[PDB]
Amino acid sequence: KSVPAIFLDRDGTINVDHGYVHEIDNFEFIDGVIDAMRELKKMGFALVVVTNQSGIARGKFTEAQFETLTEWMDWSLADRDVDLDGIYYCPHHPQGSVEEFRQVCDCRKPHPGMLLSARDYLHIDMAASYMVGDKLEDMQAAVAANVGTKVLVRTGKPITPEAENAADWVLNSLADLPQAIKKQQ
């Protein structure tokens, strides 16, 4: 049977975007998101991170550093009873300085590749799922993927009118999501 999911940006949604974050010391969980994620799991949602990480293509940090940080994030969440169901990332950029990652791709939001991948691997009911992000490109990827509810938060990049045009909900932060969902009945 198919499960509903919350799809999540990383920077600006889960962690404070201090700028090309790739080190444990600069990874700061946003207030209340761990508790919120725990509650979302309890509410029956799969949790799937779908993150653009163009810092890799830019040369700001290596894919290995991202992998190390991601393992740590995964550990840290699991240790607090939050087991992520999937972690997807896109390291690419068409103007990448690092040749290995210099390309157009299907996984860089607004392309919905990461969400489609997660859908297939975890058997996700997209129409009953949510996407949470901070920018237009996230909302565009969500509509392409048939995600039922498109949610912006205010904890990341400043919200643009175009992002709002493409979103259903705007919340202060991911910490507000469980209550907003419960209120839907």
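Throughout, rigid core stands for the largest set of C-alpha atoms superposing within 1.5 Å between the two forms. Residues carry their position along the shown sequence, with the first being 1.
- Taking the root mean square of CA deviations in 7 other deposited structures of this protein after fitting on the rigid core, 155 to 163 and 122 to 130 differ, and the farther of the two is 155 to 163.
- Checked against the record, the higher mean CA B factor of 131 to 139 and 40 to 48 lies with 40 to 48.
- The stretch with the higher mean CA B factor, choosing between 23 to 31 and 51 to 59, is 23 to 31.
- When the modelled residues of the chain are ordered by their C-alpha B factor, residue 89 lands in the lowest third.
- In the deposited entry, the Cα temperature factor of residue 9 sits in the bottom third of values across the chain's modelled residues.
- Annotation for residue 65: C-alpha temperature factor in the middle third relative to the rest of the modelled chain, per the entry.
- Among the modelled residues of the chain, residue 118 sits in the lowest third by CA temperature factor in this PDB entry.
- Ranked by C-alpha B-factor against the other modelled residues of its chain, residue 77 falls in the lowest third.
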